[PDB]
Amino acid sequence: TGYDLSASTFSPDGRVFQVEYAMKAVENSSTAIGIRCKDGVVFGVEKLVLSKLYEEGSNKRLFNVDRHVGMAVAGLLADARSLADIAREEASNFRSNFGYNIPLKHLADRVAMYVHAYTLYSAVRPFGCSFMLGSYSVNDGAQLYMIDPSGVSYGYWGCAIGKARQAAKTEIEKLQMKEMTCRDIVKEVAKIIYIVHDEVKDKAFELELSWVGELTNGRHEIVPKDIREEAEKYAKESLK
Amino acid sequence: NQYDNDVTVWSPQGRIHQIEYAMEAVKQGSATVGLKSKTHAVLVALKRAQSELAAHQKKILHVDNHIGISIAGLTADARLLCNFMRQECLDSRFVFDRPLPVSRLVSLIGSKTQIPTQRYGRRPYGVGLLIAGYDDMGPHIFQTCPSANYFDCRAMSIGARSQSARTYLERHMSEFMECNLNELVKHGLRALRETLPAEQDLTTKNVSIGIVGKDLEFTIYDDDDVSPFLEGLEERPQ
Amino acid sequence: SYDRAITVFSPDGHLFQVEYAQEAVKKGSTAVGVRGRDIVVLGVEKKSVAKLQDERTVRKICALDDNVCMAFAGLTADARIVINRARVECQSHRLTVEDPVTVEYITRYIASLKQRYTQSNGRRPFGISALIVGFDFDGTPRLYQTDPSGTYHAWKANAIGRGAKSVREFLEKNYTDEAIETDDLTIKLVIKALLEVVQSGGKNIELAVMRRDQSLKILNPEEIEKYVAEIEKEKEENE
Amino acid sequence: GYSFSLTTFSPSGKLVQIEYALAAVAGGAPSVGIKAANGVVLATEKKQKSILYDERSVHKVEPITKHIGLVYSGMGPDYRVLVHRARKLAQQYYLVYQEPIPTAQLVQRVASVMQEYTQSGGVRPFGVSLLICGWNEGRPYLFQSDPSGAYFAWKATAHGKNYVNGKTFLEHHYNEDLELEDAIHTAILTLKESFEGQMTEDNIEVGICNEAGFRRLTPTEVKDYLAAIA
Amino acid sequence: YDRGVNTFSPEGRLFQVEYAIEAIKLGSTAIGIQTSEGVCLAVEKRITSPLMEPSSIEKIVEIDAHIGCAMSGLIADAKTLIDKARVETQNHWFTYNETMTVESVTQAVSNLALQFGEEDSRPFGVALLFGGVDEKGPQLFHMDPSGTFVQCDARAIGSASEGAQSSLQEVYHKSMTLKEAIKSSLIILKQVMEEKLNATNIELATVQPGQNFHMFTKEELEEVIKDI
Amino acid sequence: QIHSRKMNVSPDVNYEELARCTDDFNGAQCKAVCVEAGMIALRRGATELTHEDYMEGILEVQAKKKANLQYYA
Amino acid sequence: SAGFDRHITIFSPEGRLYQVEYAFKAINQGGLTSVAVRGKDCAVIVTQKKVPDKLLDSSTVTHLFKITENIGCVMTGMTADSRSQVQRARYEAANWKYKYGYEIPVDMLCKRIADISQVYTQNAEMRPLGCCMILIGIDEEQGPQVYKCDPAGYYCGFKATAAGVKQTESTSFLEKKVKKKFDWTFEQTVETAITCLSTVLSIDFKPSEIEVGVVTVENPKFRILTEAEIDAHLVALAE
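Residue numbers (UniProt numbering), protein chains in the order written: chain A, 6 to 245; chain B, 4 to 241; chain C, 2 to 240; chain D, 5 to 234; chain E, 8 to 127, 134 to 241; chain F, 367 to 439; chain G, 6 to 244.
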């Protein structure tokens, strides 16, 4: 208390509580997971049905504007949209100047540097969301990245952000991501989504999926659960 | 409380109480109604009066012939966003000569309203909006909040006493999708009547309507249009 | 809310800071000016130049243009900067605009200047007020005053706080709707107001009279003393 | 309290914030600077939290011209920034007047610089006090610039922590007719009085301004002069 | 929660501009009425000193001949709004070669009213009454430091505005002739402000659809004096 | 239902409808609603109380109903 | 002490670097430790890569960085600020080579970074970078150097140095080692650093726990040692 009110105000010991408040605010948001196979990356997001006033697909938390990158958020949706805009602008800048695709490591680096830049100045606050970055490059390798509102980013074999952090991390640990292909990854992702507090205290939730890989020419597309409904029924295989 | 400076202050609870106060300022507005069919989008408004010798405050503003808005909040920010959307619609008509789709415009407003939420020196735009728009991609009824967030709703209602409406629209959403324009406006009028106090009733003076369609440009349906649609309204039994 | 900031309202809507500006003026000395039948006459009092100090540097009155002059009461630094601003404004407007200057425009300008420097934080309002005299109301005389709140008005005669409390009441009791008969009775009424003023000894009292057709004129201490003695004699047979 | 902001006066007519900056000057490493008949001497001491440093990797004595000496007592980073801006200002003057900076001109300009940080709350004045020595018109001179943005001259001076005893030593010991080598000896003596522990070439560096030019003492010279101090 | 406009109050309101609304109370009352016969505005003076020039108080001021204007608040921000209104109307004529309709004036003035905390100041403690006779007939509007504006059949703003507004509501209806509306406003003012009305302590202005000029009244109040 | 058990209410009252009306109500406020319905029946001098009386009870209990919420600032 | 430490620009009554020490305390929270040691012709850096979990890819959590093809770097602090300052150092080195043409030694780079850090300390607009700086580089025909820069802007060369949490203990170990003049060769230097760290953390490290970098006169190209090379060094210390 006291040395708390600004993102630039250091605590007498340790770091600024403003950043800590940002990441804990991230902790209470809707869950988002992302798992990468050998050549591809798959994301999973739970969304709350609001009221019946909702329109079965509105205000969704899956956004992707890049020729080889998929991206999902876990946090306050407004800052999620803003960070999507910054990511789009940075990707367009790189594509215009360098003329070719940005490595996801460099893109995540620049985005996370900008995010942390929003924590340095006292007139601006840290963000209210944490998101993950997924892509494949034929030139050098397959990548997955996780970025927080603290400006800190890492690459993961699989990661999970939301009100499922540790349980979903354990559900990731049971997998063998080194050698599995993305076709099974979708099923395990959807099942893991459903097992970890689908509607325990919450009324109900909506599930949406993201999937980018080498098999789809590097580009990102939303895997359609409108077709084959296989991960959906795979989740219900786990109810008992 | 220390934690009620500008939106730059993150609360330990993981909130920013200025934003919650902005949502309350949204609830400070009067009752609104917004509802669509598969071919039309209609928003219904309750024009709050001041006196027997003054006119009611308007609630429906025109942005473009294919996108309409309804406001609930401090009218200053409401008009500022209205001018903003007017400007963006004009630029869209200027660059490629194409009516601007609702979704992209709403995303732009979301970004614009979000920038204050991070930056000191400007309170976030504290007005609740209902958006009605039709484009070449689909019909849309929308709402937005000062938290710089927006929600696409089949049927939506914001303001005081709005929960009775919300229950009405939640119960009847099994009906509207292919209801005609007259039936849709009757549904909206019924939704407005739910929020009404027992001592007040709808009339042309306090009711405002706004309709847009795939073959019908967005226009504001005031007293003159209110007069015919008032018939067919559900009664007030006990 | 409180008075600690320039732009903050009081919970009942008052702006205590501009009221404090008006009061800082109110501590400033007597300043009373009137417009007569044709002439406008002013009287500077309470200078109290003590021996070693010279009265020339006091600047009892400064003329903005040939048809307008000012002195202000309160803070001499603010008075001086406003004098320079008004002089530059009137001269530049007369030089540049297709048509020359009138006192109304400079009145609007100084009122706007006070309102502007009062309008934002980090920018202290002027702590001065002054009583404006103009010659070219289509040749007729006219009188204004200015206030730190960016406020101006037109008067047949006006005074400010320290001189107001006594002298202005004396004027509103005495002021005849008939304009003071000639500049002679104009100066007589000014001297009477100075009599209502604190000391009236003539040691520092000086006056400047402007006829609204003639340019500004400056009065000598000997003539001021003669007028004061004439007014004292007039009160003497008033018995 | 009134030190919260630098833009306001105290009722006592004192700038409390400027004073506390001069407290950081007292927290600086003591430096001794005296003038002689044939030149000026600027001496200072250093100590290390561990012998792990490269004690010669940096210098506390710095020149501004080929004939100017300059020493400080404060925190290093602000000193280095001020040195950089002072060197650049001297270069600008050399470009303009086609002459090297005079000692008086240099000191007034750098003091005006150090005043430039004495306005507005968003900036902080240097916690550094400077000692300047130089040759001008065939005669030696020395001054001092302090975080207040001012300067004063000095035939004998020193500042830092435990400076008052240095003042007393200089009062009772310094005369205006001293010689340069004896001046260096007096400087090292008063530095030894000012700081505890043995003074070695790892602990002290001294710069001396000669009328033709200025040079800094080499470590072997520091070892020689520090040894056999009387 | 009072430091600035750019901070939301716990209830969603603003306790900085709500005091700007309170600043309207300390201003003098003014009466404005819209009638089919014409639009009239009434302003209270409460003579402050006989030495003052009575018209020097700008609470009755014209921005164009087809339109009227009245004031209640600090006269400085009042004059700022007045000047802004004249400028917008004159520029609108310069560009379009036509009169600026009163609703457009009220809207365009309000954009300057919308600068307290949204550019890059403080709301002006002034509440105004507009009266115009134009392409939409006789019109009377009211606008307040919060930036909201409303077309009014009648309105009273300022000190003691509440009682005057209530009484006017009891008497006035939207189908009167102009003269009886002026009479009602005059009797309400006579009731409220000081004493028997006269040109010294009250000001009157009225514009007509057939007479889109000279809202002002100059010693034709003598008819009012002998009548009311 | 619980607090009306002693109050002899008319059977033609939809307590689900009262629940629909009584949003945000706490239990104490609902008990006060029943008591207010009883007092309203007494004001009518009613032999028995009905659904309308319960509605008036809620209307008097619910809240201050607040002022004109567009003229605020 | 309290109160005056809330802003970086405000000097406490004692005149102390309280916000600087708060930046240091922000450094010490991350449970990390680093060391740099200078040799006869070599410079060695090594840091603890305390991997928190296995689901992350170990390549994405490195803390040794190449800022120049012949200069090394090692971090201690929050990840975002460390990434920011390594980016800034790379930009500064590139700009120096663009402007001057020839080499930018580690001395210039660390001095520049320390100067800029002092700038952020001086102005209250932006919070100081709460992480420390350590570099290694070869100098023209003179030998390797180790330099340490901190949030305070302090900047100096080092025969040996330490950073992270374990400051005093590591420095004491190095000080005990360095008192004897001997052939501090590459293998001896890296062994000394490794054993220093293995005692100060007091753990039998697995190879993945640490990252090792080195620069030498004979091999001016900065290198990050592979895991197999780490095992070779460990079995070298195994004797």
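Think of the CB as a built atom: it goes at the ideal place given N, C-alpha and C, for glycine as much as any other residue.
*Indicate whether the contact test is met: 3 or more Cβ pairs, each with one atom in the stretch 43-58 of chain B and one in the stretch 208-221 of chain B, closer than 8 Å.*
As far as the Cβ criterion goes, the stretch 43-58 of chain B touches the stretch 208-221 of chain B, which means the pair count is three or higher.
*In chain A, what lies closer than 9 Å to residue 135 of chain B by C-beta?*
Locating residue 135 of chain B in the second sequence gives position 132, counting from the first residue. Chain order gives no chain A residues near residue 135 of chain B, where near means a beta carbon separation below 9 Å; the closest approach is about 14 Å.
*asked:* Let me make sure I understand the geometry here. Which of D:74, D:160, D:165, D:57 has the alpha-carbon closest to that of residue 180 of chain D?
replied: On the fourth sequence, position 176 is the one that residue 180 of chain D refers to. It is D:160 whose Cα lies nearest to the Cα of residue 180 of chain D.
_Residues in the same chain with beta-carbon distance under 6 Å from residue 182 of chain D, minus the five sequence neighbours each way, listed in chain order, please._
Looking up residue 182 of chain D in the fourth sequence gives position 178. Cβ neighbours of residue 182 of chain D beyond the five flanking positions: 40.
*asked:* Relative to the C-alpha of residue 65 of chain C, which candidate in C:158, C:150, C:225, C:80 has its C-alpha closest?
replied: On the third sequence, position 64 is the one that residue 65 of chain C refers to. Among C:158, C:150, C:225, C:80, the Cα nearest to that of residue 65 of chain C is on C:80.
*Please confirm if residue 381 of chain F has its CB atom under 8 Å from at least one CB of chain E.*
Taking the sixth sequence and counting its residues from 1, the one referred to as residue 381 of chain F is at position 15. No, its Cβ sits nowhere closer than 8 Å to a Cβ of chain E.
*Span separating the alpha-carbon of residue 192 of chain D from that of residue 140 of chain D*: Start at 1 with the first residue of the fourth sequence, and residue 192 of chain D comes out as number 188. Start at 1 with the first residue of the fourth sequence, and residue 140 of chain D comes out as number 136. Here the C-alpha atom of residue 192 of chain D lies approximately 25 Å from the C-alpha atom of residue 140 of chain D.
_Min CB distance residue 135 of chain G to chain A below 8 Å_ = Within the seventh sequence, the letter at position 130 stands for residue 135 of chain G. Proximity of residue 135 of chain G to chain A, defined by a Cβ-Cβ separation below 8 Å, is satisfied.
*Between the stretch 133-153 of chain B and the stretch 32-51 of chain A, do three or more beta carbon pairs fall short of 8 Å?*
no
*Is the shortest distance between the beta-carbon of residue 221 of chain G and the beta-carbons of chain D less than 8 Å?*
Locating residue 221 of chain G in the seventh sequence gives position 216, counting from the first residue. No, residue 221 of chain G lies away from the interface with chain D (no Cβ there is under 8 Å from its Cβ).
_Helix, strand or coil at residue 55 of chain A [DSSP, three-state]_ = Translated into the one-based positions of the first sequence, residue 55 of chain A becomes position 50. If DSSP states are grouped into helix, strand and coil, residue 55 of chain A belongs with coil.
_For the ligand PLP, I want to know if residue 175 of chain A counts as a neighbour, meaning its beta carbon is within less than 7 Å of at least one of the ligand's heavy atoms._
Ligands are entirely absent from the displayed structure, and the ligand PLP is therefore not among its contents.
*May I ask you to list the residues that DSSP assigns as paired with residue 137 of chain A?*
In the first sequence, counting from the first residue as 1, residue 137 of chain A sits at position 132. According to DSSP, residue 137 of chain A bridges with A:77, A:151.
*asked:* By DSSP's criteria, residue 211 of chain A is part of a beta bridge. Which residues make up the other side?
replied: Taking the first sequence and counting its residues from 1, one reaches residue 211 of chain A at position 206. Answer is A:52.
*Quick one, which of C:158, C:188, C:163 has its alpha-carbon nearest residue 57 of chain E's?*
If you number the fifth sequence from 1, residue 57 of chain E lands on position 50. Taking the Cα of residue 57 of chain E as reference, the smallest distance to any Cα among C:158, C:188, C:163 is reached at C:158.
*residue 95 of chain G versus chain A: which residues are under 9 Å apart at the beta carbon?*
The residue given as residue 95 of chain G occupies position 90 in the seventh sequence. Listed along chain A is no residue with a C-beta nearer than 9 Å to that of residue 95 of chain G; the closest approach is about 12 Å.
*To which residues of the same chain is residue 144 of chain G closer than 7 Å at the C-beta, ignoring the five residues directly before and after it?*
One-based indexing of the seventh sequence puts residue 144 of chain G at position 139. Contacts found: 110, 150.
_First through last residue of the beta strand (DSSP E) which encompasses residue 143 of chain E_ = Locating residue 143 of chain E in the fifth sequence gives position 130, counting from the first residue. Counting along the chain, the beta strand (DSSP E) containing residue 143 of chain E begins and ends at 139-147.
*Tell me whether residue 367 of chain F is buried or exposed, calling it buried when 16 or more other Cβ atoms sit within 10 Å of its Cβ.*
Along the sixth sequence, one-based indexing puts residue 367 of chain F at 1. The residue is exposed, with fewer than 16 neighbouring Cβ atoms inside 10 Å.
*Tell whether a beta-carbon distance below 8 Å holds between residue 47 of chain E and residue 140 of chain E.*
The count along the fifth sequence starts at 1 and reaches residue 47 of chain E at position 40. The count along the fifth sequence starts at 1 and reaches residue 140 of chain E at position 127. Not in contact: residue 47 of chain E and residue 140 of chain E (Cβ atoms no closer than 8 Å).
*Taking the C-alpha atoms as reference points, what is the distance between residue 223 of chain C and residue 152 of chain C?*
As a working mapping, residue 223 of chain C is identified with position 222 in the third sequence. As a working mapping, residue 152 of chain C is identified with position 151 in the third sequence. About 36 Å.
*Check distances from the C-beta atoms of the stretch 128-148 of chain C to those of chain E and list, in chain order, the residues that come in under 7 Å.*
none
*When the Cβ atoms of the stretch 47-66 of chain D are set against those of the stretch 20-30 of chain D, are three or more pairs found closer than 8 Å?*
Not touching, per the Cβ criterion.
*Is it the case that the Cβ atoms of residue 218 of chain E and residue 36 of chain E are separated by a distance below 8 Å?*
As a first step, residue 218 of chain E is located in the fifth sequence; it is residue number 205 there, counting from the start. As a first step, residue 36 of chain E is located in the fifth sequence; it is residue number 29 there, counting from the start. In this structure, residue 36 of chain E does not lie closer than 8 Å to residue 218 of chain E by Cβ.
*For residue 185 of chain B, which residues from the same chain have a beta carbon less than 8 Å from its beta carbon, with the 5 sequence-adjacent residues on both sides left out?*
The count along the second sequence starts at 1 and reaches residue 185 of chain B at position 182. Counting only Cβ-Cβ distances below 8 Å, and skipping sequence neighbours, we find 232, 235.
_Whole angstroms are fine: how far does the CA of residue 142 of chain G sit from the CA of residue 91 of chain A?_
Mapped onto the first sequence, residue 91 of chain A falls at position 86. Mapped onto the seventh sequence, residue 142 of chain G falls at position 137. Taken atom to atom, the span from the alpha-carbon of residue 91 of chain A to that of residue 142 of chain G is near 37 Å.
*Go ahead and label residue 132 of chain B buried or exposed: buried means 16 or more other beta carbons lie within 10 angstroms of its beta carbon, across all protein chains shown.*
Taking the first residue of the second sequence as position 1, residue 132 of chain B is located at position 129. Buried: at least 16 other Cβ atoms inside 10 Å.
_Proximal chain A residues relative to residue 8 of chain B, where beta-carbon distance stays under 8 Å_ = On the second sequence, residue 8 of chain B is found 5 positions in, with the first residue counted as 1. In chain order: 10.
_Contact criterion: CB-CB distance below 8 Å. Does residue 81 of chain E meet it with respect to chain F?_
Position 74 of the fifth sequence holds residue 81 of chain E. No - not a single Cβ of chain F is within 8 Å of the one on residue 81 of chain E.
*Which same chain residues, not among the five before or five after residue 199 of chain A, have their C-beta less than 6 Å away from its C-beta?*
Walking along the first sequence from the start, residue 199 of chain A turns up at place 194. So the qualifying residues of the chain are 240.
_C-alpha gap between residue 120 of chain A and residue 23 of chain C, whole angstroms_ = Mapped onto the first sequence, residue 120 of chain A falls at position 115. Mapped onto the third sequence, residue 23 of chain C falls at position 22. Those two C-alpha atoms are separated by around 50 Å.
*Name the chain G residues that come within less than 8 Å of residue 118 of chain A, Cβ to Cβ?*
If you number the first sequence from 1, residue 118 of chain A lands on position 113. Correct list: 85, 88, 89, 92.
_Among G:37, G:69, G:146, the one whose alpha carbon lies nearest that of residue 55 of chain G_ = In the seventh sequence, the residue the question calls residue 55 of chain G occupies position 50. With distances taken between Cα atoms, residue 55 of chain G lies closest to G:37.
_Short of 7 Å Cβ to Cβ, which residues in the stretch 11-29 of chain D face chain G?_
21, 24, 25, 27, 28
*Grab the span of the alpha helix (DSSP H) containing residue 393 of chain F for me, first residue to last.*
To locate residue 393 of chain F, count along the sixth sequence from 1; it is residue 27. Segment 393-410, the alpha helix (DSSP H) holding residue 393 of chain F.
_Buried versus exposed call for residue 30 of chain E [16 or more other C-beta atoms within 10 Å across all chains shown]_ = As a first step, residue 30 of chain E is located in the fifth sequence; it is residue number 23 there, counting from the start. The residue is buried, with at least 16 neighbouring Cβ atoms inside 10 Å.
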